[PDB]
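Everything below concerns the one structure shown next.
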Amino acid sequence: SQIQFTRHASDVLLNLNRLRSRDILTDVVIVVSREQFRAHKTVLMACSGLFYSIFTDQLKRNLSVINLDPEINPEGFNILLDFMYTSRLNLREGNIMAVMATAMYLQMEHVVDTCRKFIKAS
Amino acid sequence: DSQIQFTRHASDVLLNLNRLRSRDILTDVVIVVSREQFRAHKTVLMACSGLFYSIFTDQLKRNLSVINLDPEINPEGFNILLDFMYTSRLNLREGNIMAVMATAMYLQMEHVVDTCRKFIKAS
Ligand SMILES: Cc1cc(-c2cn(CC(=O)Nc3cc(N4CCOCC4)ncc3Cl)c3nc(-c4cnn(C)c4)n(C)c(=O)c23)cc(C#N)c1O
Ligand SMILES: Cc1cc(-c2cn(CC(=O)Nc3cc(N4CCOCC4)ncc3Cl)c3nc(-c4cnn(C)c4)n(C)c(=O)c23)cc(C#N)c1O
């Protein structure tokens with residue numbers, strides 16, 4: 001017998017995004033071409049297969065500054081990073097290309113799937 | 001303006017954070033509760049507790065790796081609330097209601113406290 005708090009997880013994520021906005025306990029800077037992004041490694045690992053792999057591998061686990069592949073563009077990463085901390089994704093025909101490629105690179109199948117559906121729809 | 005919202009994202013994030021805790025991956029604090037030690041992520045503690053948010057909002061308190069709770073706090077009560085923080089689920093029983101409530105009040109977790117109040121009424 002347990003009590004289920006329906007909004008707990010969502011409330012936790014809100015507060016994690018609050019901490020991100022004020023740069024509290026952020027422990028990694030993601031560099032994407034010309035832009036810097038600060039985040040929590042734990043959240044990154046919780047939302048991306050790439051980051052889960054990096055931060056559990058003996059080569060890159062302790063890095064505090066990560067450089068994504070040059071082909072990734074900052075606009076797409078910003079979108080997916082905001083999704084990580086909000087569960088919300090702003091998808092349009094003008095950014096779907098970048099969003100889908102970034103999500104495939106970050107290994108985030110749900111966004112990829114949603115992108116594929118968005119394409120075959122329009 | 002509008003956007004797509006993934007209804008299960010947050011729950012899966014929390015589950016993966018709990019998996020990292022179980023693996024002791026990127027845990028950055030030890031909470032000492034009488035004779036017991038609990039490892040955790042400050043970020044989750046801050047996101048779930050008014051006490052932990054207040055403590056760790058100080059970068060010098062945030063630098064600490066060992067936090068001793070009030071010695072009067074029951075370790076089983078804290079363990080129940082720690083599991084709750086990482087799962088959204090609270091194991092409330094007649095055998096533990098008093099420890100959970102006192103601990104929830106100490107950690108400044110209103111929803112659990114009020115849940116315990118409703119529980120005590122129903123009993
Ligand atoms: C909430 C959310 C999460 C993810 C998402 C997160 N992670 C990383 C991840 O799994 N971390 C953890 C896994 C475990 N394990 C416990 C034992 O069993 C399960 C694994 N423990 C702790 C952590 Cl932290 C993803 N990894 C992949 C992937 C690609 N190749 N492989 C081999 C895996 N794919 C495809 C994904 O989608 C995601 C994506 C989205 C989206 N969109 C999303 O919303
Ligand atoms: C999901 C969940 C959360 C909480 C819960 C979490 N926090 C801590 C918290 O808010 N941290 C953050 C706050 C902010 N903001 C602060 C205000 O504006 C600027 C930004 N930014 C990031 C973070 Cl991390 C709580 N603090 C109190 C409390 C008691 N006195 N005071 C003064 C506060 N009470 C009563 C609570 O319940 C909770 C409890 C439960 C339960 N049960 C639960 O399920």
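Please note that chains go A, B, ... in the order of the structure tokens, that every chain numbers its residues from 1, and that ligands are numbered from 1 in the order shown.
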
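Selecting chain A residues within 8 Å of chain B and counting only C-alpha atoms yields residues 1, 2, 3, 4, 5, 6, 8, 9, 10, 11, 12, 13, 15, 16, 19, 24, 25, 42, 43, 45, 46, 47, 86, 87, 88, 89, 90 and 91 of chain A.
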
Practice problem: Output as an MDAnalysis selection string all residues of chain B that backbone DSSP marks as helix (DSSP H, G or I). | Solution: chainID B and resid 9:22 42:48 50:56 59:63 75:87 97:107 110:122

Practice problem: Measure the distance from atom 36 (C, counted along the ligand's line) of ligand 1 to atom CA of residue 58 of chain A in Å and round it to one decimal. | Solution: 20.7 Å

Quiz item: Counting only C-alpha atoms and all ligand atoms, which of A:37, A:77, A:118, A:105 gets nearest to ligand 1?
Solution: A:105

Quiz item: Within 12 Å of residue 69 of chain A, counting only C-alpha atoms, which residues qualify if same-chain residues fewer than 5 places away don't, as an NGL selection string?
Solution: :A and (30-33 or 50 or 74 or 77 or 101-102 or 105-106)

Quiz prompt | Contacts of segment 92-99 of chain A within 12 Å, only C-alpha atoms, excl. fewer than 5 positions in-chain, as a VMD selection string | solution = (chain A and resid 71 to 83 104 to 122) or (chain B and resid 1 to 4)

Any chance you can output those residues with N, CA and C atoms as an mmCIF file, in the first residue's frame?
```cif
data_model
loop_
_atom_site.group_PDB
_atom_site.id
_atom_site.type_symbol
_atom_site.label_atom_id
_atom_site.label_comp_id
_atom_site.auth_asym_id
_atom_site.auth_seq_id
_atom_site.Cartn_x
_atom_site.Cartn_y
_atom_site.Cartn_z
ATOM 1 N N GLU A 71 29.043 19.173 -36.235
ATOM 2 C CA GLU A 71 27.852 19.221 -37.077
ATOM 3 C C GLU A 71 26.587 19.578 -36.304
ATOM 4 N N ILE A 72 26.612 19.519 -34.973
ATOM 5 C CA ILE A 72 25.448 19.893 -34.178
ATOM 6 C C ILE A 72 25.398 21.408 -34.084
ATOM 7 N N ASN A 73 24.203 21.974 -34.255
ATOM 8 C CA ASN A 73 24.061 23.420 -34.194
ATOM 9 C C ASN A 73 23.411 23.856 -32.886
ATOM 10 N N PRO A 74 23.738 25.063 -32.406
ATOM 11 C CA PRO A 74 23.280 25.461 -31.063
ATOM 12 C C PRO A 74 21.777 25.603 -30.948
ATOM 13 N N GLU A 75 21.093 26.028 -32.013
ATOM 14 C CA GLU A 75 19.644 26.197 -31.947
ATOM 15 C C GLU A 75 18.960 24.870 -31.637
ATOM 16 N N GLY A 76 19.372 23.802 -32.312
ATOM 17 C CA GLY A 76 18.771 22.511 -32.033
ATOM 18 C C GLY A 76 19.076 22.026 -30.629
ATOM 19 N N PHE A 77 20.311 22.213 -30.179
ATOM 20 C CA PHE A 77 20.644 21.739 -28.841
ATOM 21 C C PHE A 77 19.889 22.512 -27.763
ATOM 22 N N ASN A 78 19.799 23.829 -27.913
ATOM 23 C CA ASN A 78 19.018 24.629 -26.980
ATOM 24 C C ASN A 78 17.596 24.098 -26.871
ATOM 25 N N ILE A 79 16.998 23.726 -28.004
ATOM 26 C CA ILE A 79 15.625 23.235 -27.988
ATOM 27 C C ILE A 79 15.539 21.948 -27.185
ATOM 28 N N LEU A 80 16.462 21.019 -27.446
ATOM 29 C CA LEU A 80 16.402 19.731 -26.772
ATOM 30 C C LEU A 80 16.783 19.859 -25.309
ATOM 31 N N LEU A 81 17.697 20.781 -24.982
ATOM 32 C CA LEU A 81 18.068 20.989 -23.586
ATOM 33 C C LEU A 81 16.900 21.546 -22.793
ATOM 34 N N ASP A 82 16.168 22.503 -23.376
ATOM 35 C CA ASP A 82 14.970 23.021 -22.729
ATOM 36 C C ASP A 82 13.926 21.930 -22.569
ATOM 37 N N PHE A 83 13.759 21.080 -23.588
ATOM 38 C CA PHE A 83 12.870 19.928 -23.455
ATOM 39 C C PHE A 83 13.262 19.067 -22.261
ATOM 40 N N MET A 104 18.615 12.634 -32.672
ATOM 41 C CA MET A 104 19.280 11.399 -33.067
ATOM 42 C C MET A 104 20.701 11.349 -32.529
ATOM 43 N N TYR A 105 21.427 12.463 -32.616
ATOM 44 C CA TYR A 105 22.784 12.522 -32.091
ATOM 45 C C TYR A 105 22.798 12.351 -30.576
ATOM 46 N N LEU A 106 21.870 12.999 -29.877
ATOM 47 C CA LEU A 106 21.787 12.842 -28.431
ATOM 48 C C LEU A 106 21.155 11.518 -28.022
ATOM 49 N N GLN A 107 20.569 10.783 -28.969
ATOM 50 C CA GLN A 107 19.975 9.467 -28.712
ATOM 51 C C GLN A 107 18.742 9.578 -27.809
ATOM 52 N N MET A 108 17.744 10.275 -28.336
ATOM 53 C CA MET A 108 16.518 10.620 -27.617
ATOM 54 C C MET A 108 15.377 10.196 -28.536
ATOM 55 N N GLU A 109 14.978 8.930 -28.425
ATOM 56 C CA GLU A 109 14.118 8.335 -29.441
ATOM 57 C C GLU A 109 12.736 8.978 -29.468
ATOM 58 N N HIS A 110 12.184 9.340 -28.311
ATOM 59 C CA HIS A 110 10.833 9.890 -28.309
ATOM 60 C C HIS A 110 10.748 11.143 -29.179
ATOM 61 N N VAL A 111 11.703 12.066 -29.025
ATOM 62 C CA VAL A 111 11.719 13.254 -29.877
ATOM 63 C C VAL A 111 11.917 12.853 -31.332
ATOM 64 N N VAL A 112 12.840 11.921 -31.596
ATOM 65 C CA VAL A 112 13.037 11.445 -32.964
ATOM 66 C C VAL A 112 11.727 10.910 -33.532
ATOM 67 N N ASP A 113 11.080 10.000 -32.796
ATOM 68 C CA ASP A 113 9.799 9.462 -33.240
ATOM 69 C C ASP A 113 8.809 10.583 -33.532
ATOM 70 N N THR A 114 8.664 11.525 -32.599
ATOM 71 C CA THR A 114 7.728 12.621 -32.823
ATOM 72 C C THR A 114 8.116 13.433 -34.050
ATOM 73 N N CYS A 115 9.420 13.623 -34.277
ATOM 74 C CA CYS A 115 9.851 14.325 -35.484
ATOM 75 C C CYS A 115 9.439 13.554 -36.733
ATOM 76 N N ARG A 116 9.687 12.242 -36.742
ATOM 77 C CA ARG A 116 9.311 11.429 -37.893
ATOM 78 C C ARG A 116 7.824 11.561 -38.190
ATOM 79 N N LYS A 117 6.989 11.530 -37.154
ATOM 80 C CA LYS A 117 5.555 11.702 -37.368
ATOM 81 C C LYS A 117 5.245 13.091 -37.910
ATOM 82 N N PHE A 118 5.906 14.120 -37.372
ATOM 83 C CA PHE A 118 5.693 15.480 -37.859
ATOM 84 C C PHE A 118 6.017 15.595 -39.346
ATOM 85 N N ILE A 119 7.042 14.877 -39.806
ATOM 86 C CA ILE A 119 7.445 14.974 -41.206
ATOM 87 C C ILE A 119 6.424 14.286 -42.104
ATOM 88 N N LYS A 120 6.111 13.024 -41.808
ATOM 89 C CA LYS A 120 5.162 12.275 -42.623
ATOM 90 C C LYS A 120 3.757 12.861 -42.568
ATOM 91 N N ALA A 121 3.472 13.717 -41.586
ATOM 92 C CA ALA A 121 2.184 14.400 -41.550
ATOM 93 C C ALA A 121 2.133 15.520 -42.584
ATOM 94 N N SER A 122 3.134 16.397 -42.580
ATOM 95 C CA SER A 122 3.191 17.515 -43.516
ATOM 96 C C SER A 122 4.129 17.198 -44.676
ATOM 97 N N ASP B 1 1.188 31.300 -29.024
ATOM 98 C CA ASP B 1 2.231 30.294 -29.215
ATOM 99 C C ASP B 1 1.840 29.004 -28.492
ATOM 100 N N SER B 2 2.398 27.883 -28.949
ATOM 101 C CA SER B 2 2.071 26.578 -28.396
ATOM 102 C C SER B 2 3.266 25.653 -28.593
ATOM 103 N N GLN B 3 3.190 24.483 -27.966
ATOM 104 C CA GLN B 3 4.281 23.518 -28.002
ATOM 105 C C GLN B 3 3.721 22.140 -27.691
ATOM 106 N N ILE B 4 4.525 21.127 -27.965
ATOM 107 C CA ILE B 4 4.193 19.754 -27.604
ATOM 108 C C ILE B 4 4.745 19.486 -26.216
#
```

Segment 73-80 of chain B: which residues within 6 Å, counting only C-alpha atoms, same-chain residues fewer than 6 positions away excluded, as an mmCIF file with N, CA and C atoms, in the first residue's frame?
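Saved the output as out33.cif:
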```
data_model
loop_
_atom_site.group_PDB
_atom_site.id
_atom_site.type_symbol
_atom_site.label_atom_id
_atom_site.label_comp_id
_atom_site.auth_asym_id
_atom_site.auth_seq_id
_atom_site.Cartn_x
_atom_site.Cartn_y
_atom_site.Cartn_z
ATOM 1 N N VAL B 33 21.924 10.232 9.605
ATOM 2 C CA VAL B 33 20.697 10.248 10.403
ATOM 3 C C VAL B 33 20.932 9.263 11.540
ATOM 4 N N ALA B 99 6.798 8.389 12.364
ATOM 5 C CA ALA B 99 8.164 8.731 11.972
ATOM 6 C C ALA B 99 8.169 9.521 10.673
ATOM 7 N N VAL B 100 7.323 9.137 9.716
ATOM 8 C CA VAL B 100 7.274 9.845 8.437
ATOM 9 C C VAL B 100 6.826 11.288 8.651
ATOM 10 N N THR B 103 9.454 13.409 10.403
ATOM 11 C CA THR B 103 10.570 13.660 9.499
ATOM 12 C C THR B 103 10.155 14.598 8.380
#
```

Practice problem: If you run DSSP over the backbone, which residues in chain B end up strand (DSSP E or B)? Put them as number ranges by chain. | Solution: B: 4-5, 29-33, 36-40, 66-68, 89-90

How about saving the chosen residues, N, CA, C and O atoms kept, as a PDB file, in the first residue's frame?
```pdb
ATOM      1  N   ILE B   4       4.525  21.127 -27.965  1.00  0.00           N
ATOM      2  CA  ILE B   4       4.193  19.754 -27.604  1.00  0.00           C
ATOM      3  C   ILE B   4       4.745  19.486 -26.216  1.00  0.00           C
ATOM      4  O   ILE B   4       5.861  19.902 -25.908  1.00  0.00           O
ATOM      5  N   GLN B   5       3.984  18.778 -25.383  1.00  0.00           N
ATOM      6  CA  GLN B   5       4.421  18.424 -24.039  1.00  0.00           C
ATOM      7  C   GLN B   5       4.318  16.917 -23.878  1.00  0.00           C
ATOM      8  O   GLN B   5       3.269  16.328 -24.154  1.00  0.00           O
ATOM      9  N   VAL B  29      26.457  13.955  -1.787  1.00  0.00           N
ATOM     10  CA  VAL B  29      26.251  14.260  -0.380  1.00  0.00           C
ATOM     11  C   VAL B  29      25.937  12.979   0.365  1.00  0.00           C
ATOM     12  O   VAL B  29      25.324  12.058  -0.181  1.00  0.00           O
ATOM     13  N   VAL B  30      26.368  12.924   1.623  1.00  0.00           N
ATOM     14  CA  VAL B  30      26.005  11.871   2.559  1.00  0.00           C
ATOM     15  C   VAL B  30      25.171  12.522   3.655  1.00  0.00           C
ATOM     16  O   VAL B  30      25.615  13.491   4.282  1.00  0.00           O
ATOM     17  N   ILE B  31      23.961  12.013   3.868  1.00  0.00           N
ATOM     18  CA  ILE B  31      23.090  12.487   4.941  1.00  0.00           C
ATOM     19  C   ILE B  31      23.203  11.513   6.103  1.00  0.00           C
ATOM     20  O   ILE B  31      22.827  10.342   5.975  1.00  0.00           O
ATOM     21  N   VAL B  32      23.687  11.996   7.240  1.00  0.00           N
ATOM     22  CA  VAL B  32      23.837  11.172   8.435  1.00  0.00           C
ATOM     23  C   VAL B  32      22.588  11.342   9.291  1.00  0.00           C
ATOM     24  O   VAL B  32      22.222  12.461   9.663  1.00  0.00           O
ATOM     25  N   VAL B  33      21.924  10.232   9.605  1.00  0.00           N
ATOM     26  CA  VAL B  33      20.697  10.248  10.403  1.00  0.00           C
ATOM     27  C   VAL B  33      20.932   9.263  11.540  1.00  0.00           C
ATOM     28  O   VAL B  33      20.775   8.053  11.358  1.00  0.00           O
ATOM     29  N   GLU B  36      22.783   5.906  10.795  1.00  0.00           N
ATOM     30  CA  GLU B  36      22.689   5.510   9.400  1.00  0.00           C
ATOM     31  C   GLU B  36      23.208   6.621   8.493  1.00  0.00           C
ATOM     32  O   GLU B  36      23.143   7.809   8.830  1.00  0.00           O
ATOM     33  N   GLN B  37      23.687   6.222   7.316  1.00  0.00           N
ATOM     34  CA  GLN B  37      24.170   7.142   6.297  1.00  0.00           C
ATOM     35  C   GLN B  37      23.385   6.929   5.013  1.00  0.00           C
ATOM     36  O   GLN B  37      23.195   5.794   4.581  1.00  0.00           O
ATOM     37  N   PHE B  38      22.964   8.023   4.380  1.00  0.00           N
ATOM     38  CA  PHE B  38      22.229   7.961   3.120  1.00  0.00           C
ATOM     39  C   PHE B  38      22.918   8.838   2.082  1.00  0.00           C
ATOM     40  O   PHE B  38      23.163  10.023   2.334  1.00  0.00           O
ATOM     41  N   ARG B  39      23.195   8.272   0.905  1.00  0.00           N
ATOM     42  CA  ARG B  39      23.836   9.000  -0.185  1.00  0.00           C
ATOM     43  C   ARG B  39      22.772   9.498  -1.160  1.00  0.00           C
ATOM     44  O   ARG B  39      21.749   8.844  -1.396  1.00  0.00           O
ATOM     45  N   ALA B  40      23.005  10.684  -1.710  1.00  0.00           N
ATOM     46  CA  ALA B  40      21.996  11.294  -2.566  1.00  0.00           C
ATOM     47  C   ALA B  40      22.589  12.426  -3.392  1.00  0.00           C
ATOM     48  O   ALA B  40      23.756  12.799  -3.238  1.00  0.00           O
ATOM     49  N   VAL B  66      29.082  16.032   3.844  1.00  0.00           N
ATOM     50  CA  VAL B  66      28.447  15.283   4.924  1.00  0.00           C
ATOM     51  C   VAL B  66      27.522  16.225   5.684  1.00  0.00           C
ATOM     52  O   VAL B  66      27.974  17.250   6.208  1.00  0.00           O
ATOM     53  N   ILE B  67      26.239  15.876   5.752  1.00  0.00           N
ATOM     54  CA  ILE B  67      25.239  16.652   6.475  1.00  0.00           C
ATOM     55  C   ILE B  67      24.690  15.768   7.586  1.00  0.00           C
ATOM     56  O   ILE B  67      24.165  14.681   7.313  1.00  0.00           O
ATOM     57  N   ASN B  68      24.776  16.247   8.828  1.00  0.00           N
ATOM     58  CA  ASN B  68      24.184  15.559   9.970  1.00  0.00           C
ATOM     59  C   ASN B  68      22.803  16.135  10.243  1.00  0.00           C
ATOM     60  O   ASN B  68      22.667  17.333  10.501  1.00  0.00           O
ATOM     61  N   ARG B  89       6.306   7.993  -4.693  1.00  0.00           N
ATOM     62  CA  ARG B  89       5.471   7.055  -3.951  1.00  0.00           C
ATOM     63  C   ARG B  89       5.904   7.012  -2.496  1.00  0.00           C
ATOM     64  O   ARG B  89       7.098   6.963  -2.192  1.00  0.00           O
ATOM     65  N   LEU B  90       4.925   7.031  -1.603  1.00  0.00           N
ATOM     66  CA  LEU B  90       5.161   7.068  -0.170  1.00  0.00           C
ATOM     67  C   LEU B  90       4.587   5.814   0.464  1.00  0.00           C
ATOM     68  O   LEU B  90       3.401   5.506   0.289  1.00  0.00           O
TER      69      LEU B  90
END
```

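The space between atom CA of residue 118 of chain B and atom CA of residue 102 of chain B spans 14.5 Å.
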
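Compared by their closest atoms to ligand 1, and using only C-alpha atoms and all ligand atoms, the residues A:85, A:49, A:54, A:100 rank with A:49 nearest.
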